[PDB]
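Starting off, we have a lone chain in the form deposited in one PDB entry, written out as structure tokens.
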């Protein structure tokens, strides 16, 4: 069982208000036929328009919530809402657009999906809370057939043009009018009691219901993300490389060793309390410090209460007041004052970060991590960690042309002694690039208020 069988049953109770008299017994095969799509027995890579919950999770970057509200059935106009906040009105003659015929509506749909998805996925997954009109309207903007490649490149075809009779991916679809071979999934098939708003509002206070189709489309994708990434967590699923994943991850490792090593040199803490990843390793292996590890998986729902991390039942818990605490991506409600902290800012706009549930976001870099909403108050006992570069390594070149470096934040023997050497200038600039890579990727660094880089200069005496 790799794909969803067309002979699987589709619960139709949710479709009987827009479609009165629909059979209770219904397969995907009969539903697709009813929707106007002739699969004509095809073994060419597109076995079903609808996908499994598992296939949907592997393709989370393609998720676009879709809702159609029957505004006034090729007799009345339809309001087409997308989780992008777009509302289009199709006529059969929070961004809201006036009534227009399908021939122009379908052009806008291709433009919008292509701009949204080109840098995220090779496909679209229409996430629905199906009531009837969204499925019966797909024949107006969707064409299906064998799997294909773009006319201008080797990527999988996601759009079709009736004007030129050619196929294109999301990058080369300008002027294309049909969505080609889309995927879709009905959230109602997962067995819910009650309507969309009641199920959504159980877990999210951030998306309201302004009664437009995009509002439902957003709430639908939000509820799907909650079910698949907040309540259900699968860290085994790997996701393709689409951006700066390898550079961002390497930068995080360089930044972590740098910041922790400098803190241990500047304030000579005897013990370090490392909380978070149960698979974490000593980021500064040569440090003198007593390195103690505490297991806490990434919290995907709400941030950990600092108090519950010490709830040791009938035994005494450790005193974190001695030494320093390292919370590298361990999201707590209020950090202790003696901490070094890396906290992902969920508000960041990027191709790695997808909108999440209740203010949080779904960070997808090798794995999907739903992260709780960023909260500035978690850092009240700390300060924003300033940029600095520290190096005790020898001033030795080993060899890109050179411009002399002048910086107050290059903490080296050469800078103390008057002039930065070529090696430390190359290393400072590389470290500044990795630092900016990680900050721009959404990460934020915080440190105990007594942290001072002035204390680092005397480690050369």
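Heads up, when I say rigid core I mean the largest set of C-alphas that superpose within 1.5 Å between the two forms. Positions refer to the first chain, counted from 1.
Between 302-310 and 341-349, the larger root mean square Cα shift in 5 other deposited structures of this protein, once each structure is superposed on the rigid core, falls on 302-310. Among other deposited entries of this protein with both flanking residues present, none omit coordinates for residue 164; it is modelled throughout, well short of a third. Looking at the other PDB entries for this protein, residue 321 is present in the model in all of those that include the residues around it, rather than absent from a third. Coordinates are absent for 10 or more residues of the deposited sequence placed between residue 93 and residue 94. Where residue 279 is followed by residue 280 in the displayed chain, the model omits none of the deposited residues that would sit between the two.
Higher mean CA B-factor, judged across 205-213 and 351-359 from the recorded values: 205-213. Comparing the deposited coordinates for 195-203 and 124-132, the stretch with the larger average C-alpha B-factor is 195-203. When the C-alpha B-factors of 182, 81, 73, 336 are ranked from the entry, the top spot goes to 73. The residue among 97, 293, 390, 344 whose C-alpha carries the highest B-factor in the deposited model is 97.
When the CA B factors of the chain's modelled residues are split into thirds, the value for residue 428 lands in the middle one.
In the deposited entry, the Cα temperature factor of residue 152 sits in the top third of values across the chain's modelled residues.
Ranked within its chain, residue 33 lands in the lowest third, by CA B factor from the PDB record. Per the PDB record, residue ranking by Cα B-factor puts residue 56 in the middle third of the chain. In the deposited entry, the Cα temperature factor of residue 267 places it in the middle third of its chain's modelled residues.
The discussion below concerns the form deposited with a small molecule bound, not included here.
In the deposited complex, residue 49 approaches the small molecule with a heavy atom inside 4.5 Å. Using a 4.5 angstroms limit between non-hydrogen atoms, residue 56 is distant from the small molecule in the deposited complex. When the small molecule is considered in the deposited complex, residue 39 lines it closely, a heavy atom lying within 4.5 Å. The shortest heavy atom separation between residue 144 and the small molecule in the deposited complex is within 4.5 Å.
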